[PDB]
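This document opens with one chain alone, in structure tokens, the form deposited in one PDB entry.
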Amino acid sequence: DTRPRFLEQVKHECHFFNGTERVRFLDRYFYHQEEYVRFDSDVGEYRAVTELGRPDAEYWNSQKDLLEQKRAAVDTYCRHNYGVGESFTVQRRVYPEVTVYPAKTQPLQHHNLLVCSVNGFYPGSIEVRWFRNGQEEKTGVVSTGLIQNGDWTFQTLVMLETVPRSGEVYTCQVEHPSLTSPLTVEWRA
């Protein structure tokens, strides 16, 4: 199918700063990928983002009842949905499962990668660090970055490029908002 496509998107966004103490509401309209008009609660009227949206800004701003509905959305839409969802979204906590395992950079070279695999956590902010015999190892660290699993969990792998020496002990340290204290996992050759 080579027929041309045409796409309309609308995103009604609610931005929360310190819970519901500071709330910004944005109504945004897009044609393909291009935002053409939006209602910002910081402004309290619609504004054309591109020339394509000028007739809608004008038209919609001439409707006083529409503006007043949208001027109220920080309260009747955003604060309301925040209250509905907070317990299982804002307050969702899911502990990181931590696994250390060795691996190889160039296939079939003695193990020279220690992998700290951190799985199934929520929310996303995490800090993973590596230690060799009590010293942080800051060189030789590469990571996948933060990966979203799409099921309200995250994972990340954090790798230490190293040539392990017998009786050296390596520690993977994980700090996350779900924990009261850092989680630590050790490995020895």
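In this text, residue numbers run from 1 along the sequence as written. Think of the rigid core as the biggest set of C-alphas that the two forms share within 1.5 Å after superposition.
Novice: Between 107-115 and 67-75, which has the higher average C-alpha B-factor in the PDB entry?
Specialist: Stretch with the higher mean C-alpha B-factor: 107-115.
Novice: Comparing 35-43 with 155-163, where is the mean C-alpha B-factor higher?
Specialist: Per the PDB entry, the higher value belongs to 155-163.
Novice: Going by the deposited entry, which of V10, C14, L179, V174 has the highest CA temperature factor?
Specialist: Max CA B-factor in the entry, restricted to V10, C14, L179, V174: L179.
Novice: Looking at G120, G124, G134, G145, which has the highest CA B-factor as recorded?
Specialist: So the option with the highest C-alpha B-factor is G134.
Novice: Compared with the other modelled residues in the chain, in which third is the CA B-factor of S87?
Specialist: Highest third, going by the recorded CA B-factors of the chain.
Novice: Which third of the chain holds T139 when residues are ordered by C-alpha B factor: lowest, middle or highest?
Specialist: For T139, the deposited C-alpha B-factor lands in the highest third.
Although not depicted, the form deposited in another entry is the subject of the following passage.
Novice: Considering only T99, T105, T76, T89, which residue exhibits a C-alpha shift of no less than 2 Å between this form and the one not shown, with the rigid core used for superposition?
Specialist: So the residue whose C-alpha moves 2 Å or more is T105.
Novice: Would one find the Cα atoms of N149 and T105 closer or farther in that other deposited form than in this form, where their distance changes by 3 Å or more?
Specialist: Compared with the shown chain, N149-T105 is farther in that other deposited form.
Novice: With a shift of at least 3 angstroms, figure out whether the C-alpha spacing between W130 and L108 grows or shrinks in that other deposited form: closer or farther?
Specialist: Result: closer.
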